[PDB]
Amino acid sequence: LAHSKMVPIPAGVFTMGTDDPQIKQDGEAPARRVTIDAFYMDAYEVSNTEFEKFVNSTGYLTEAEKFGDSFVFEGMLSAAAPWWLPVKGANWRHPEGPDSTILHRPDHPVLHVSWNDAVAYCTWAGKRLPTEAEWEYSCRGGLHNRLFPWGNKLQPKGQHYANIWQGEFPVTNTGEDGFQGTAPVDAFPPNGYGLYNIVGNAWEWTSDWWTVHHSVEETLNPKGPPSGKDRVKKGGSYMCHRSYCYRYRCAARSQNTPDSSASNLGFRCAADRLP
């Protein structure tokens, strides 16, 4: 395993957002041309094993551990919606609560990490969170105006390309794609840049404050708005389905307060140069 490896994301110009928004309330529109300097992106979501190295080094206690609870999806039991439950003792080591464990899933994405927990990790690692624009550029994997990192078909060539939901959400996840919950961080094909699970599996924090008001002005290395209350997260998770939550597109976007944590939310890091 080299689950902390980074790939070089080449300098370029891309179309961020879409003029065919699918969730208009989320400010997916308008399409806008953004210039991104070359930088490095983690190939993988940060795994349980990688996060454990950080905690071993620093003694870091996550926000969920200090609060004493975190949000768990009801379908994973042995609020934003009725299927989200605040569970006492749910945290990154205990992803469904105090009687769950990560011992059998060391290579799965770390979960129940807040935006602050993510920043702590990335900075410990000699890295940082990506901006939303960096994240989206990276997600798109060198293709223009596609739905997904790989193109516009959900199952190209009849193959599963990401870990999302199949079946009737929230009652039945068929596990058709091979995973009901998370998958290992190196599961599924990489995109054109070498990135794995950038849509699906775990949601991914970015550095930007959330807004839905964007100009069509062309920008260079944008950082998002200077203030806000929620931070931007991207990419969707193992829970997403076309029927209720169509957010496994590069252009999709959502938000949470920075001290928030949940059983479907993780992150990956970026860097200006190799650490």
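In this text, residue numbers run from 1 along the sequence as written.
Per the records, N116 is modelled in every other compared entry, just as the shown structure includes it, so no third of them leave it out. Coordinates for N152 are present in every one of the other compared entries of this protein that model residues on both sides of it, well short of the third needed to count it as often missing. Unmodelled residues of the deposited sequence between neighbouring positions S78 and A79 number 10 or more. Of the two stretches examined, 199-207 and 146-154, the record assigns the greater average C-alpha temperature factor to 146-154.
Averaged over CA atoms, B-factors in the entry run higher in 69-77 than in the other of 175-183 and 69-77.
Across the residues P106, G126, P170, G194, the deposited record lists the maximum Cα B factor for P170. Comparing C-alpha B-factors across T49, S237, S243, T62 in the deposited entry, the largest value falls on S243.
In this PDB entry, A11 carries a Cα temperature factor that places it within the middle third of its chain's modelled residues.
Looking at the C-alpha B-factors along this chain, the one for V87 belongs to the highest third. Among the modelled residues of its chain, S100 has a C-alpha B-factor that falls in the highest third, as given in the PDB entry. Placement of the Cα temperature factor of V216 within the chain: highest third of the modelled residues, per the deposited record.
Compared with the other modelled residues of the chain, the Cα B-factor recorded for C269 ranks in the lowest third.
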